[PDB]
Number of protein chains: 6
Amino acid sequence: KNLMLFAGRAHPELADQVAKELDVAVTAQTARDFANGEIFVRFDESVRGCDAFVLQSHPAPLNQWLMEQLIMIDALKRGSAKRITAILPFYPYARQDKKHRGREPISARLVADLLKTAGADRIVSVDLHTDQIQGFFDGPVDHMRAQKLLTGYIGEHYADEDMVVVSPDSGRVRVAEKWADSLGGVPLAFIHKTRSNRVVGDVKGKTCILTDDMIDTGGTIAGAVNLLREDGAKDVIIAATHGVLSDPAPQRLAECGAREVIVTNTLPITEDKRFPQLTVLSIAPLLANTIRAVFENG
Amino acid sequence: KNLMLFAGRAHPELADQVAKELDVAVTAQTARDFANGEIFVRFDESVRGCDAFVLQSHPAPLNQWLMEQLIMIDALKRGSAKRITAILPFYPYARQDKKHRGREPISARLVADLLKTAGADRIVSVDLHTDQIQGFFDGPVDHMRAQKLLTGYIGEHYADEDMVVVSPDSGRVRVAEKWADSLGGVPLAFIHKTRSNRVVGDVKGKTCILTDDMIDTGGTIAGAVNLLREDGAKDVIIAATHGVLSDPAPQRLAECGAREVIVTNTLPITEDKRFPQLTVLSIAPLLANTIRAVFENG
Amino acid sequence: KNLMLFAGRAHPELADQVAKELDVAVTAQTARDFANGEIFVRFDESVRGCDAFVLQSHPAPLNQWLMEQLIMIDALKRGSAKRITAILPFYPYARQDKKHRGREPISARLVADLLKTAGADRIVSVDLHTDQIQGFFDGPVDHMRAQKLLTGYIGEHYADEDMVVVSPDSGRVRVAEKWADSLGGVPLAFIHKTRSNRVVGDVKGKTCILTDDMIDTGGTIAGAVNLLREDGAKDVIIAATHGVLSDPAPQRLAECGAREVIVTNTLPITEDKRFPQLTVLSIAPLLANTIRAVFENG
Amino acid sequence: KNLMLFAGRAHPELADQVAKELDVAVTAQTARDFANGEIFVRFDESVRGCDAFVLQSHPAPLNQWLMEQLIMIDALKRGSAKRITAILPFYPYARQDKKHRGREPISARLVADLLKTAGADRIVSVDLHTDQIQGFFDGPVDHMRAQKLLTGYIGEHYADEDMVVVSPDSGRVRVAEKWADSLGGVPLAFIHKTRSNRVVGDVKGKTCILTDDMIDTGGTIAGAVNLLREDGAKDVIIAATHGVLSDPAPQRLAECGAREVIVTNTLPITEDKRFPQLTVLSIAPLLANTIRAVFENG
Amino acid sequence: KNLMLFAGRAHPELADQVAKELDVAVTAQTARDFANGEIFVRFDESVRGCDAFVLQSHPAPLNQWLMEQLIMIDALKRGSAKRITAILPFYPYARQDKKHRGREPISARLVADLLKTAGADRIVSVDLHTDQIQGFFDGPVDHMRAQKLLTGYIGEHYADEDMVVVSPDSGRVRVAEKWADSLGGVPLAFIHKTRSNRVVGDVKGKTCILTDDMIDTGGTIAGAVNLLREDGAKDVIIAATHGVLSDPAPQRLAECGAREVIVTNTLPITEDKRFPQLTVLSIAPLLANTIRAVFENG
Amino acid sequence: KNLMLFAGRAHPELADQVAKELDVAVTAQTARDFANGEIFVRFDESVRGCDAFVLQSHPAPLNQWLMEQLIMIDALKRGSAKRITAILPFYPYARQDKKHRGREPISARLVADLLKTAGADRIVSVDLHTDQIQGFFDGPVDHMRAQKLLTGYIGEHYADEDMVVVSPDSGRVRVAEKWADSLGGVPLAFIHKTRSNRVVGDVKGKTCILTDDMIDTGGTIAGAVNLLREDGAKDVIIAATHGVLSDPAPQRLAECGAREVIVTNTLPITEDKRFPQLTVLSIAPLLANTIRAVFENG
């Protein structure tokens with residue numbers, strides 16, 4: 001048994017942090033783009049017989065990084081790797097996990113099928129948009145949660161406060177309920193959208209923990225902060241696993257009232273996306289523990 | 001039986017030309033990008049029971065357009081399309097059709113597998129880098145040739161000349177041999193590369209038809225023009241199916257001695273890629289005839 | 001002392017502008033071509049004892065105009081002109097000022113020798129491709145700069161903007177640095193080419209001043225515009241001294257994103273080379289001042 | 001000692017003929033134009049230590065080819081060629097070899113100076129407009145004559161005839177006298193122009209050999225044919241070394257009464273300049289012998 | 001009433017063109033020369049009672065064609081022609097229309113008297129050197145103008161240009177004034193000769209229409225082109241009714257800078273007089289309309 | 001009264017001989033041709049009040065010399081000459097003195113009318129083709145005869161011989177009869193042509209004097225010599241006033257049997273027309289006597 005770690009080019013800090021935790025160097029490779037956009041991949045040491053972990057994050061532009069991961073998995077399959085696990089800290093197309101009105105694809109299911117066809121035996125991901133995505137892949141899917149990590153941090157710094165957990169929309173109330181339990185059985189509230197916006201529950205004078213899976217443009221979340229403010233909240237804290245933080249989100253979030261915005265580094269948080277209220281916690285130790293347990297295999 | 005033509009956003013002029021030749025409208029759809037880079041696709045009329053032809057060209061950035069095509073195919077499969085044919089005028093990753101002595105992927109094979117998994121029943125392509133790519137897909141693959149189109153044009157305008165067909169490298173000599181036959185049994189030459197460059201055959205005082213499958217950066221082809229020039233060629237004409245024309249190729253080709261450069265519009269030839277010696281012929285009539293024959297059991 | 005101004009046929013508007021600033025008529029001469037291409041030159045008034053300034057621009061076809069200037073200088077030398085200054089607003093063959101790793105001519109040095117052999121005592125030029133070309137001639141070389149003229153214009157119209165000076169390649173960074181100083185000590189960036197293209201420096205949200213010595217086909221410069229666009233530039237302004245503007249450059253520049261393209265009239269900017277974003281500033285006042293100072297001779 | 005033959009692009013057939021006679025390949029080189037008109041030259045094999053012969057003919061457009069020859073000589077000088085001979089079968093600007101009563105250049109003398117400055121050690125030319133041009137260059141000038149070649153041909157085909165040698169103007173009478181001696185001491189006549197035209201000498205019933213150095217537009221020579229016709233000449237034969245043959249000369253000469261027009265191939269005689277009475281003799285054997293003798297150097 | 005068209009031998013293409021426009025055949029006749037030079041004329045069908053039009057152009061040698069016309073008129077007078085009109089598209093001896101300060105003939109008047117004595121009742125001519133020649137003949141003289149024809153052609157092809165009409169000498173300014181009016185009221189200039197040459201008026205940057213009644217040797221007109229060129233004219237177009245084009249005029253005009261030379265076919269333009277800038281318009285339709293009106297009492 | 005002698009350029013020896021006999025210089029004039037063929041005439045001393053004699057011979061090309069004479073007469077008429085006599089030693093168009101079949105001119109009458117219209121008061125000619133031409137001119141016509149001159153010479157050298165006068169055709173028998181009387185009443189013969197040739201009269205063993213007005217091509221006269229030879233003539237002598245001697249006549253007459261050919265110099269007998277049997281007698285003394293008698297005027 002031989003553990004080998006491979007990494008795409010999208011998020012080099014995460015790869016380096018994971019490699020350090022495991023005490024294993026990232027496997028040498030040439031990874032480059034033709035002017036075309038076609039990706040070229042070549043492994044610069046032997047991969048025959050290894051237990052391979054292929055780590056790729058999927059920031060913008062996302063389709064390029066998804067193809068790079070599939071190409072690496074093809075190469076390991078043709079190079080006689082024994083077992084291939086794909087690690088996708090942010091699962092691409094997770095939001096497209098059903099048809100909605102219809103005549104649509106289920107893109108999250110297509111991603112799992114493509115990873116299977118490329119040669120992946122296992123998928124590891126963090127905080128899927130829905131837990132049912134775990135059933136999209138014909139094989140083991142380790143669905144890691146950042147909840148303990150995020151609530152542990154919030155518990156260390158806001159234990160003194162009078163807390164209410166708030167879900168920014170109706171889809172996320174169940175997870176919010178899990179957080180409220182983790183924070184000592186505090187109350188719960190959420191934003192009801194009629195197709196107007198209303199807060200359902202009492203937040204007056206309370207420290208609100210606004211929890212979401214991801215922050216993309218910051219529209220929904222900034223709207224929620226302003227609503228909670230209007231309803232007499234003392235404080236608002238934003239916590240999410242994935243900081244996609246596109247477009248005006250950094251500016252939007254810095255200018256909204258929130259005291260703190262807490263994210264993990266499943267995606268690379270570049271200097272353009274940073275702002276003073278932003279705190280980034282590392283997902284690396286969680287990823288390293290999962291790789292170790294998969295590799296140890298009992 | 002109902003013919004429906006779907007098109008991605010990469011090359012709208014080709015889609016419009018094909019639609020005109022068939023006398024059918026392109027099917028209405030919403031195709032847009034989240035800031036993330038994730039593609040959203042929705043069909044705005046019914047697609048149940050149709051014979052679908054999904055046309056997507058693959059210019060830079062290529063991996064985005066490949067995912068868009070796969071997503072459209074997933075949607076047609078879940079929308080109960082009867083038969084799905086993928087049309088890829090320029091086949092992405094065609095150059096990566098073997099390992100080149102390890103440890104590499106066979107990306108051209110991966111593309112065919114991903115198209116199969118998405119739900120494609122047939123692939124149609126024009127002038128594959130190698131003919132053996134036809135065997136990469138478990139199903140019908142119509143491999144269309146632009147040879148008649150390109151040699152017909154050269155025959156109209158250079159019948160008066162004393163011609164030699166020249167292959168810019170050892171890989172393309174067989175196709176070059178076919179062109180020489182089409183042009184009335186004229187002589188043949190090619191550039192031999194030792195790992196220096198040498199012309200093998202007599203070109204002195206002749207009008208050279210330099211033929212390639214594609215022009216990417218123009219490095220190999222410009223080198224060949226200069227070599228033929230040094231060996232006393234009266235003129236040089238460049239003909240290729242695919243104008244990828246990345247980077248300095250336009251400057252490079254315009255500045256090299258070539259009298260004419262002839263390409264098809266399998267890829268969109270934007271105004272940045274244009275130059276005075278450049279001629280673009282339409283591949284649309286050929287694509288329309290192939291679709292009609294596939295559709296009509298012709 | 002008697003000032004006489006002679007002009008070739010290549011760029012009559014510049015000659016007329018310079019003549020007007022000096023209040024001196026252009027000296028009468030017969031300048032015509034045999035069918036052969038041989039140039040015939042004859043002066044139609046006396047030139048004995050004059051301080052002669054021979055003005056010739058060098059647009060396409062360039063070698064003809066170079067020979068016309070050499071022939072005029074020979075005639076002035078045999079007609080007993082006292083002092084002969086050659087004015088070459090765009091110095092022909094300036095790009096060929098070194099060997100580029102053999103086996104090449106140094107054509108810029110050949111031009112200076114030929115002008116010396118013909119009888120020229122001085123050379124006047126505007127924004128040489130490299131400053132070292134001044135050492136190629138055994139005698140005075142007045143190297144005039146359009147920098148103040150171009151940055152003055154940019155200062156009047158874009159002072160409100162948040163500027164970065166950008167060099168389109170590694171060769172021009174020093175001149176770009178001079179411009180940044182002229183524009184109030186603004187930041188600096190340049191395009192790095194690995195032998196892929198990358199912008200080095202931050203341009204996100206800034207108004208980019210892309211500076212080059214000349215624009216020929218517009219390939220490199222259009223490429224740089226697109227790269228800056230991709231990196232989140234608000235605006236791009238193109239500024240260059242010499243508008244050679246051959247081939248597709250007018251169409252290429254008009255359809256790239258640039259808000260303005262600023263050149264001088266060292267070369268004639270014909271109506272085929274014009275487009276809406278194009279601004280042409282006159283080099284005539286600068287040339288007239290230099291002639292006056294040379295003529296006044298203290 | 002190593003003989004190397006370099007050729008410009010103006011007259012490839014002559015270069016190929018000369019190369020064949022010597023049994024030496026033309027040296028490989030890249031010779032191409034920027035859109036500007038600037039010529040780029042590079043030698044593709046070593047030239048260090050060679051005896052170089054740089055062959056360039058000077059058809060329309062002439063100044064371009066003159067610059068190409070100067071540029072090649074500069075490159076050989078900087079590439080450490082041992083000895084450089086310029087071969088100019090038709091000497092450009094030979095007609096401008098004096099002032100013609102002022103204020104004109106002596107362009108033929110300028111050409112020799114420019115060739116010297118570029119690095120030429122020798123000049124080889126064929127039938128200079130005046131023999132004194134040999135003194136314009138500070139160094140060896142081999143002035144080759146086509147007289148034996150042309151009178152040899154006329155002797156084989158018109159020995160039976162009753163011949164008079166006729167000069168089309170007062171400037172060429174001495175050379176005409178040399179021809180009359182070569183043809184067996186036949187009589188002499190010439191066209192006298194008063195500033196009306198008159199033939200001086202008896203041509204009635206005789207076969208006239210009209211001799212000139214070159215034929216350009218064919219105006220003077222066609223005029224002379226008609227004058228000789230009016231004076232009762234049986235036949236007129238035109239013989240000249242250089243067939244410049246611009247404009248209407250081919251049509252003019254074909255429709256004037258002349259039975260034959262004999263030229264050499266010092267200039268390229270393209271298919272547009274051909275007509276039935278035209279005979280072209282090769283100058284190549286003469287050029288190859290001269291190169292060999294210069295190279296052998298005793 | 002019976003229309004009969006007779007033609008001399010000088011200009012057969014004009015006679016055929018006129019005959020076609022009228023839909024009449026040229027009357028059969030024997031016209032031949034004794035070795036002496038005496039002309040023999042005989043009509044080979046009846047001419048009694050006809051309205052005769054005797055068409056003769058007067059190229060070199062001119063006195064022969066004048067006698068032929070007089071002889072034909074004598075024969076028609078003795079053959080009982082009812083009315084005889086002489087058509088002389090180029091009026092011979094028109095330049096000798098006054099004594100020029102003695103002791104000279106008035107040859108233009110003599111020509112009219114000789115035509116009257118031979119039996120002519122009318123004279124028709126095109127663009128007489130002076131309009132007063134109309135008074136030299138005791139009878140009707142239809143003086144036709146080619147102005148509309150020449151300015152119509154110039155208007156079609158140079159309407160886009162910024163025009164000035166230029167007279168090559170002081171004698172033609174009035175006609176030049178008429179042309180400027182026809183061309184839309186454009187400015188006027190002319191060449192002043194002191195007995196030096198000077199342009200009077202502004203031509204700088206303008207397209208000059210140099211207009212004359214005839215071009216003979218091309219001396220005056222070539223001089224004018226060079227003068228306009230020296231005064232900064234963008235271009236020069238030459239237009240004249242009569243192309244006499246003797247001697248070196250073709251060489252002279254082709255070598256001067258003029259972009260176009262436009263003439264009519266009042267004289268036969270043989271292949272020796274042709275050159276590339278030369279355009280010939282037919283005077284036949286104008287002649288046919290005049291004959292029809294004279295014949296029809298129109 | 002003041003005698004002035006003017007001469008055209010056709011026959012300068014005759015003019016000089018006549019001038020010498022009269023002791024009067026030929027009046028100075030400029031007489032030249034434009035390339036056109038138009039003649040320019042100017043008198044270089046005063047002609048007012050003179051008795052003018054305008055001497056012109058009319059060799060080939062004849063119409064030019066006829067126009068020159070008419071132009072000179074016009075000039076004398078406008079220069080106030082008192083009396084103008086035209087001298088035409090050979091009267092042009094004399095052979096066309098009637099219509100023959102018809103639809104012909106009477107060109108001899110047209111010549112007289114043109115001379116009258118030009119301003120001539122008198123015509124002097126030698127040996128008109130028919131004596132009735134004297135009635136074609138409305139005024140004095142001095143018709144001079146060379147008969148005494150020619151028979152006087154024949155009497156000096158052939159008195160010893162047994163003579164018969166022979167007319168070469170039926171038209172000339174009367175003049176031949178006059179000669180026979182002048183030679184002492186010798187017999188007469190002539191050639192009868194049937195429309196075959198026959199001699200009518202006895203010439204056997206006799207010295208034949210073949211007499212004609214002129215010799216043109218020599219066809220008729222050579223035919224007559226051969227016929228007389230066949231009929232047993234001892235000798236044949238040819239005598240004619242006018243030696244036109246065109247074409248092969250010199251060769252024809254030299255090769256026919258004739259012992260002597262006697263002509264006058266009414267036309268210039270150039271060296272091409274000379275042969276050994278040819279004798280030329282001067283008409284000058286006869287012309288000088290006629291001028292003197294006209295001038296003396298009683």
# chains A, B, ... in the order shown; residues from 1 in each chain; ligands from 1
$ residues_around --residues "residue C:256" --least-positions-apart "5" --cutoff "12 Å" --atoms "only C-alpha atoms" --output "list in words"
residues 270, 271, 272 and 273 of chain B; 218, 219, 220, 221, 222, 223, 224, 225, 226, 227, 228, 229, 235, 236, 237, 238, 248, 249, 250, 251, 261 and 277 of chain C
$ write_last_selection --atoms "N, CA and C atoms" --output "PDB file, in the first residue's frame"
ATOM      1  N   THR B 270     -12.932  34.936 -35.482  1.00  0.00           N
ATOM      2  CA  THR B 270     -13.211  36.280 -35.026  1.00  0.00           C
ATOM      3  C   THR B 270     -12.303  37.284 -35.731  1.00  0.00           C
ATOM      4  N   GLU B 271     -12.608  38.557 -35.529  1.00  0.00           N
ATOM      5  CA  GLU B 271     -11.936  39.617 -36.261  1.00  0.00           C
ATOM      6  C   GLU B 271     -10.471  39.778 -35.816  1.00  0.00           C
ATOM      7  N   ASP B 272     -10.151  39.407 -34.584  1.00  0.00           N
ATOM      8  CA  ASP B 272      -8.741  39.328 -34.161  1.00  0.00           C
ATOM      9  C   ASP B 272      -7.872  38.282 -34.892  1.00  0.00           C
ATOM     10  N   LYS B 273      -8.496  37.236 -35.425  1.00  0.00           N
ATOM     11  CA  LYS B 273      -7.768  36.178 -36.115  1.00  0.00           C
ATOM     12  C   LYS B 273      -7.634  36.432 -37.611  1.00  0.00           C
TER      13      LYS B 273
ATOM     14  N   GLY C 218      -1.217  45.402 -35.166  1.00  0.00           N
ATOM     15  CA  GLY C 218      -2.146  45.485 -34.052  1.00  0.00           C
ATOM     16  C   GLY C 218      -2.349  44.177 -33.306  1.00  0.00           C
ATOM     17  N   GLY C 219      -1.562  43.152 -33.631  1.00  0.00           N
ATOM     18  CA  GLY C 219      -1.737  41.819 -33.037  1.00  0.00           C
ATOM     19  C   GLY C 219      -1.373  41.797 -31.578  1.00  0.00           C
ATOM     20  N   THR C 220      -0.154  42.241 -31.271  1.00  0.00           N
ATOM     21  CA  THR C 220       0.351  42.229 -29.875  1.00  0.00           C
ATOM     22  C   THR C 220      -0.491  43.149 -29.019  1.00  0.00           C
ATOM     23  N   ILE C 221      -0.764  44.345 -29.522  1.00  0.00           N
ATOM     24  CA  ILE C 221      -1.491  45.331 -28.766  1.00  0.00           C
ATOM     25  C   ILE C 221      -2.932  44.886 -28.547  1.00  0.00           C
ATOM     26  N   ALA C 222      -3.591  44.307 -29.547  1.00  0.00           N
ATOM     27  CA  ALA C 222      -4.965  43.816 -29.341  1.00  0.00           C
ATOM     28  C   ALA C 222      -4.972  42.690 -28.321  1.00  0.00           C
ATOM     29  N   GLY C 223      -3.972  41.820 -28.379  1.00  0.00           N
ATOM     30  CA  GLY C 223      -3.809  40.762 -27.381  1.00  0.00           C
ATOM     31  C   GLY C 223      -3.693  41.286 -25.957  1.00  0.00           C
ATOM     32  N   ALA C 224      -2.941  42.364 -25.796  1.00  0.00           N
ATOM     33  CA  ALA C 224      -2.766  42.978 -24.484  1.00  0.00           C
ATOM     34  C   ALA C 224      -4.074  43.589 -23.973  1.00  0.00           C
ATOM     35  N   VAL C 225      -4.884  44.147 -24.861  1.00  0.00           N
ATOM     36  CA  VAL C 225      -6.142  44.753 -24.462  1.00  0.00           C
ATOM     37  C   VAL C 225      -7.031  43.689 -23.866  1.00  0.00           C
ATOM     38  N   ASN C 226      -7.126  42.572 -24.563  1.00  0.00           N
ATOM     39  CA  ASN C 226      -7.970  41.475 -24.147  1.00  0.00           C
ATOM     40  C   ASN C 226      -7.526  40.882 -22.802  1.00  0.00           C
ATOM     41  N   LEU C 227      -6.219  40.775 -22.614  1.00  0.00           N
ATOM     42  CA  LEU C 227      -5.653  40.301 -21.359  1.00  0.00           C
ATOM     43  C   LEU C 227      -5.959  41.228 -20.193  1.00  0.00           C
ATOM     44  N   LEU C 228      -5.875  42.527 -20.441  1.00  0.00           N
ATOM     45  CA  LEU C 228      -6.178  43.501 -19.406  1.00  0.00           C
ATOM     46  C   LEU C 228      -7.664  43.474 -19.050  1.00  0.00           C
ATOM     47  N   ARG C 229      -8.490  43.249 -20.059  1.00  0.00           N
ATOM     48  CA  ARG C 229      -9.938  43.119 -19.906  1.00  0.00           C
ATOM     49  C   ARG C 229     -10.297  41.956 -19.019  1.00  0.00           C
ATOM     50  N   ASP C 235     -10.972  50.344 -18.121  1.00  0.00           N
ATOM     51  CA  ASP C 235     -10.755  51.060 -19.368  1.00  0.00           C
ATOM     52  C   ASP C 235      -9.352  50.720 -19.877  1.00  0.00           C
ATOM     53  N   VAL C 236      -9.166  50.743 -21.197  1.00  0.00           N
ATOM     54  CA  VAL C 236      -7.824  50.738 -21.803  1.00  0.00           C
ATOM     55  C   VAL C 236      -7.626  51.837 -22.829  1.00  0.00           C
ATOM     56  N   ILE C 237      -6.542  52.584 -22.683  1.00  0.00           N
ATOM     57  CA  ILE C 237      -6.142  53.606 -23.639  1.00  0.00           C
ATOM     58  C   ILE C 237      -4.824  53.200 -24.272  1.00  0.00           C
ATOM     59  N   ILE C 238      -4.776  53.266 -25.607  1.00  0.00           N
ATOM     60  CA  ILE C 238      -3.572  52.951 -26.373  1.00  0.00           C
ATOM     61  C   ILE C 238      -2.897  54.211 -26.837  1.00  0.00           C
ATOM     62  N   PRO C 248      -4.967  44.656 -41.073  1.00  0.00           N
ATOM     63  CA  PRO C 248      -6.233  44.628 -40.354  1.00  0.00           C
ATOM     64  C   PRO C 248      -6.200  45.463 -39.075  1.00  0.00           C
ATOM     65  N   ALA C 249      -5.138  46.226 -38.858  1.00  0.00           N
ATOM     66  CA  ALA C 249      -4.985  46.941 -37.600  1.00  0.00           C
ATOM     67  C   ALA C 249      -6.112  47.892 -37.346  1.00  0.00           C
ATOM     68  N   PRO C 250      -6.561  48.631 -38.351  1.00  0.00           N
ATOM     69  CA  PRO C 250      -7.688  49.536 -38.102  1.00  0.00           C
ATOM     70  C   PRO C 250      -8.962  48.824 -37.653  1.00  0.00           C
ATOM     71  N   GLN C 251      -9.295  47.716 -38.302  1.00  0.00           N
ATOM     72  CA  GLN C 251     -10.441  46.892 -37.909  1.00  0.00           C
ATOM     73  C   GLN C 251     -10.246  46.196 -36.543  1.00  0.00           C
ATOM     74  N   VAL C 261      -7.305  55.403 -29.073  1.00  0.00           N
ATOM     75  CA  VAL C 261      -6.000  55.073 -29.619  1.00  0.00           C
ATOM     76  C   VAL C 261      -5.362  56.372 -30.061  1.00  0.00           C
ATOM     77  N   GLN C 277     -12.166  55.735 -32.642  1.00  0.00           N
ATOM     78  CA  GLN C 277     -11.371  55.863 -31.430  1.00  0.00           C
ATOM     79  C   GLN C 277      -9.993  56.505 -31.682  1.00  0.00           C
TER      80      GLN C 277
END
$ residues_around --residues "residue E:121" --least-positions-apart "3" --cutoff "7 Å" --atoms "only C-alpha atoms" --output "list in words"
residues 83, 84, 85, 116 and 139 of chain E
$ write_last_selection --atoms "N, CA and C atoms" --output "PDB file, in the first residue's frame"
ATOM      1  N   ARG E  83     -25.472  68.373-102.627  1.00  0.00           N
ATOM      2  CA  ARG E  83     -24.900  69.103-101.482  1.00  0.00           C
ATOM      3  C   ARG E  83     -23.698  68.312-100.980  1.00  0.00           C
ATOM      4  N   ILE E  84     -22.598  68.996-100.701  1.00  0.00           N
ATOM      5  CA  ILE E  84     -21.363  68.364-100.224  1.00  0.00           C
ATOM      6  C   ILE E  84     -20.930  68.966 -98.904  1.00  0.00           C
ATOM      7  N   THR E  85     -20.909  68.159 -97.864  1.00  0.00           N
ATOM      8  CA  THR E  85     -20.416  68.600 -96.566  1.00  0.00           C
ATOM      9  C   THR E  85     -19.056  67.914 -96.292  1.00  0.00           C
ATOM     10  N   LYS E 116     -13.688  75.304-100.361  1.00  0.00           N
ATOM     11  CA  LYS E 116     -14.736  76.013-101.092  1.00  0.00           C
ATOM     12  C   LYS E 116     -14.571  75.890-102.601  1.00  0.00           C
ATOM     13  N   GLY E 139     -19.860  80.181 -95.712  1.00  0.00           N
ATOM     14  CA  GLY E 139     -20.925  79.177 -95.686  1.00  0.00           C
ATOM     15  C   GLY E 139     -21.068  78.595 -94.295  1.00  0.00           C
TER      16      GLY E 139
END
$ residues_around --residues "residue B:44" --least-positions-apart "6" --cutoff "12 Å" --atoms "only C-alpha atoms" --output "list in words"
residues 101, 102, 103 and 104 of chain A; 6, 26, 27, 28, 29, 30, 31, 75 and 79 of chain B
$ write_last_selection --atoms "C-alpha atoms" --output "compact mmCIF listing (two decimals), in the first residue's frame"
# COMPACT_ATOMS: atom_id res chain seq x y z
CA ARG A 101 -39.83 23.71 -13.17
CA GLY A 102 -38.31 21.44 -15.81
CA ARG A 103 -36.71 20.67 -19.10
CA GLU A 104 -33.51 21.08 -17.16
CA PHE B 6 -29.99 22.68 -30.52
CA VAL B 26 -32.84 26.47 -33.68
CA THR B 27 -34.76 25.35 -30.58
CA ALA B 28 -35.28 28.12 -28.00
CA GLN B 29 -33.33 27.83 -24.81
CA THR B 30 -31.97 29.82 -21.89
CA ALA B 31 -28.20 29.38 -21.63
CA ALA B 75 -31.17 17.59 -20.24
CA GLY B 79 -36.52 15.23 -21.24
$ interface_residues --of "chain C" --to "chain D" --cutoff "8 Å" --atoms "only C-alpha atoms" --output "PyMOL selection string"
chain C and resi 35-38+41-44+46+59-64+67+71-72+74-76+78-79+92-93+102-107+110+113-114+117-118+216+244+246-247
$ residues_around --residues "stretch 159-170 of chain B" --least-positions-apart "5" --cutoff "10 Å" --atoms "only C-alpha atoms" --output "PyMOL selection string"
chain B and resi 153-154+175-181+183-193+197+199-212+220-225+228+233-238
$ select_by_dssp --residues "stretch 113-290 of chain C" --states "helix (DSSP H, G or I)" --output "PyMOL selection string"
chain C and resi 113-118+131-136+147-158+170-182+219-230+249-255+284-290
$ decode --residues "stretch 41-45 of chain E" --atoms "N, CA, C and O atoms" --output "PDB file, in the first residue's frame"
ATOM      1  N   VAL E  41      -8.798  58.459-107.435  1.00  0.00           N
ATOM      2  CA  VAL E  41     -10.078  58.273-106.731  1.00  0.00           C
ATOM      3  C   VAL E  41     -11.155  57.959-107.749  1.00  0.00           C
ATOM      4  O   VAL E  41     -11.208  58.590-108.782  1.00  0.00           O
ATOM      5  N   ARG E  42     -11.984  56.965-107.478  1.00  0.00           N
ATOM      6  CA  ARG E  42     -13.116  56.671-108.346  1.00  0.00           C
ATOM      7  C   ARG E  42     -14.261  56.107-107.540  1.00  0.00           C
ATOM      8  O   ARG E  42     -14.068  55.192-106.769  1.00  0.00           O
ATOM      9  N   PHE E  43     -15.461  56.621-107.758  1.00  0.00           N
ATOM     10  CA  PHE E  43     -16.633  56.114-107.037  1.00  0.00           C
ATOM     11  C   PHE E  43     -17.235  54.952-107.794  1.00  0.00           C
ATOM     12  O   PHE E  43     -17.365  55.000-109.000  1.00  0.00           O
ATOM     13  N   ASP E  44     -17.552  53.884-107.066  1.00  0.00           N
ATOM     14  CA  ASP E  44     -17.974  52.629-107.675  1.00  0.00           C
ATOM     15  C   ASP E  44     -19.467  52.389-107.598  1.00  0.00           C
ATOM     16  O   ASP E  44     -19.929  51.315-107.915  1.00  0.00           O
ATOM     17  N   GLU E  45     -20.218  53.433-107.269  1.00  0.00           N
ATOM     18  CA  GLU E  45     -21.650  53.468-107.470  1.00  0.00           C
ATOM     19  C   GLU E  45     -22.048  54.907-107.801  1.00  0.00           C
ATOM     20  O   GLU E  45     -21.224  55.819-107.691  1.00  0.00           O
TER      21      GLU E  45
END
